[PDB]
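See below for the structure under consideration.
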Amino acid sequence: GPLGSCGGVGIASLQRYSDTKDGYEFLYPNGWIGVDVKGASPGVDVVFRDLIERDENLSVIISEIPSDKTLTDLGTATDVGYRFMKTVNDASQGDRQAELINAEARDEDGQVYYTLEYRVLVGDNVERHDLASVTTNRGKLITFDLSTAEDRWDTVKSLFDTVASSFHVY
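What the sequence shown shows, in the authors' numbering, is residues 19 to 188, in sequence order.
Listed below in structure tokens is the structure:
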């Protein structure tokens, strides 16, 4: 049914991206460019940058979880939340500091979704707020790291969660 068709299906609007290999798919606005970051931080696969808004940056990290332990076994929302801070700080523990705002998890359709909320501090001021969500699918580790200016973060607060939650796996 959803075989689709080859044609000018792509229009000046929202685009759909899917990957059978990673088993994940999400929507994103047009005007965005994909940059290759092979050999980057472990798990890092591809990064998306919005030409329209240089300030706004999105990063995608894909990794495989050990069959012996799952997202739940790995750690709790709070535990994983703290681990993530150390992971990021490991390379940014010099001048910038990562603060964990909150961390919660939800269970729907038998699928567990982990939500991580944190912000980046510089010197004596907040640099920006970033939302990160973690979810496993068939042993595939999928993370959605979105970053946006604090000036409108409140206005588009749901936007970050929406994109991360909008994602689908298969």
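Quick reminder that beta carbons are idealized off the backbone N, C-alpha and C, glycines included.
Span of the alpha helix (DSSP H) holding residue i?
{"i": "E74", "result": "Per DSSP, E74 belongs to no alpha helix (DSSP H) and is neither H nor E."}
{"i": "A182", "result": "175-184"}
In terms of residue numbering, what span does the beta strand (DSSP E) encompassing residue i cover?
{"i": "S36", "result": "32-37"}
{"i": "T94", "result": "Taken as a continuous stretch (DSSP letters only), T94 belongs to no beta strand (DSSP E), as it is neither H nor E."}
{"i": "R146", "result": "143-155"}
{"i": "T161", "result": "158-166"}
{"i": "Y42", "result": "42-47"}
{"i": "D63", "result": "62-68"}
{"i": "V55", "result": "Run containing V55: none; DSSP gives neither H nor E here."}
What's the gap between the Cα of residue i and the Cα of residue j?
{"i": "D163", "j": "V55", "result": "15 Å"}
{"i": "residue 218", "j": "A121", "result": "Outside the modelled stretch of the chain, which goes from 19 to 188, sits residue 218, for which no answer is possible."}
{"i": "residue 12", "j": "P20", "result": "Since the first and last residues shown for the chain are 19 and 188, residue 12 lies out of range."}
{"i": "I29", "j": "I70", "result": "17 Å"}
{"i": "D40", "j": "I80", "result": "8 Å"}
{"i": "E168", "j": "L177", "result": "13 Å"}
{"i": "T94", "j": "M103", "result": "14 Å"}
{"i": "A58", "j": "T173", "result": "32 Å"}
{"i": "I83", "j": "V187", "result": "15 Å"}
{"i": "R72", "j": "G61", "result": "24 Å"}
{"i": "residue 11", "j": "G128", "result": "Since the first and last residues shown for the chain are 19 and 188, residue 11 lies out of range."}
{"i": "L159", "j": "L76", "result": "17 Å"}
{"i": "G25", "j": "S31", "result": "16 Å"}
{"i": "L118", "j": "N143", "result": "15 Å"}
{"i": "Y46", "j": "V53", "result": "15 Å"}
{"i": "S110", "j": "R170", "result": "24 Å"}
{"i": "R101", "j": "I51", "result": "30 Å"}
{"i": "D108", "j": "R124", "result": "28 Å"}
{"i": "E126", "j": "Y136", "result": "23 Å"}
{"i": "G99", "j": "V27", "result": "40 Å"}
To which residues of the same chain is residue i closer than 6 Å at the C-beta, ignoring the five residues directly before and after it?
{"i": "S36", "result": "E43"}
{"i": "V152", "result": "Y132, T161"}
{"i": "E74", "result": "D68, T166"}
Return the chain-ordered list of same chain residues with a C-beta closer than 7 Å to the C-beta of residue i, the five sequence neighbours on each side being excluded.
{"i": "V140", "result": "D113, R114"}
{"i": "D179", "result": "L149"}
{"i": "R156", "result": "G41"}
{"i": "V138", "result": "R114, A116, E145, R146, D148"}
{"i": "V106", "result": "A116"}
Between residue i and the rest of its own chain, which residues show a CB-CB distance below 8 Å, the 5 nearest in sequence each way excluded?
{"i": "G49", "result": "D68, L69, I70"}
Exercise. Any contact of the region 57-65 with the region 172-186, i.e. 3+ C-beta pairs under 8 Å?
Worked result: no
Problem set entry | Runs of beta strand (DSSP E) lying entirely within the region 105-141, each at least 3 residues, in chain order | 114-126, 129-140
Exercise. Counting Cβ pairs, one atom from each stretch, are 3 or more of them under 8 Å apart for the region 85-97 and the region 128-136?
Worked result: yes
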